[PDB]
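Taking it in order: structure first as structure tokens, then the write-up.
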Amino acid sequence: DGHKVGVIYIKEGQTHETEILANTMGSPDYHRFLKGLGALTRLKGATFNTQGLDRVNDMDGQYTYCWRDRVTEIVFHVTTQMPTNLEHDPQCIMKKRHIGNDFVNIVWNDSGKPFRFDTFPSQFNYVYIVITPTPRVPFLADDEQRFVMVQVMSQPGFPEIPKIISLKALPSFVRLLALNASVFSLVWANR
């Protein structure tokens, strides 16, 4: 079974899809989170299913992050891994084509604003797994000492799947939510 899941970093102050897709890096905690989410994998000449990421000319970047277990594989579509060139592609359509066709997207919301469900318009986006850093520490409680909020936002009628989660626990927690969301999305695509 193979799944494809977007990962989108939103920088401080950003509100609109085009500027968000242009980003080519995130925060240090975001980068450490990617490294826990999957293994860094070279795309050119790749011998596995790259779920639409270019294997010929590195058009979608040299690397992505990937996960595999005994049953399934996930290829992440990480917009910050994808090259930006606003002369050639001012609307970042080469990045949008991945996340706009992914049922499930992970959003690292560093904007300082609440994430808007209509940020990345697409009739195929069913679920957003939204990660928002917080200064809070669970009152009755190093990556075990710093936390984020995780909230699932989905289309109306989509099956239910905000919780405080340590940075250490975060990649496994989000990957499980993304897998479950993807499985549900495959069924929901038939409604």
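Every residue, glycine as well, gets a Cβ built from its backbone with ideal geometry; the counts of neighbours run over all protein chains shown. Rule-based calculations on the coordinates, nothing more; no lab input.
Per-structure values
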{"item": "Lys/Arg +1, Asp/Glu -1 at C-beta; the chain dipole; positive extreme among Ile106, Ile129, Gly2", "result": "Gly2"}
{"item": "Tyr126, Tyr9 arranged by Cβ crowding within 10 Å, fewest neighbours leading", "result": "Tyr126, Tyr9"}
{"item": "Rough spin-label spacing in nm, given labels placed 7 Å along Cα→Cβ, for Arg70 and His16", "result": "5.0"}
{"item": "Spin-label pair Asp54/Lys168, simplified geometry with 7 Å Cα→Cβ offset, distance in nm", "result": "4.1"}
{"item": "Directionally averaged projected area (convex hull, Cα atoms, the chain), nm²", "result": "11.4"}
{"item": "Taking the C-alpha atoms of segment 1-78, convex hull volume expressed per residue in Å³", "result": "96"}
{"item": "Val104, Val152 arranged by Cβ crowding within 10 Å, fewest neighbours leading", "result": "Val152, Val104"}
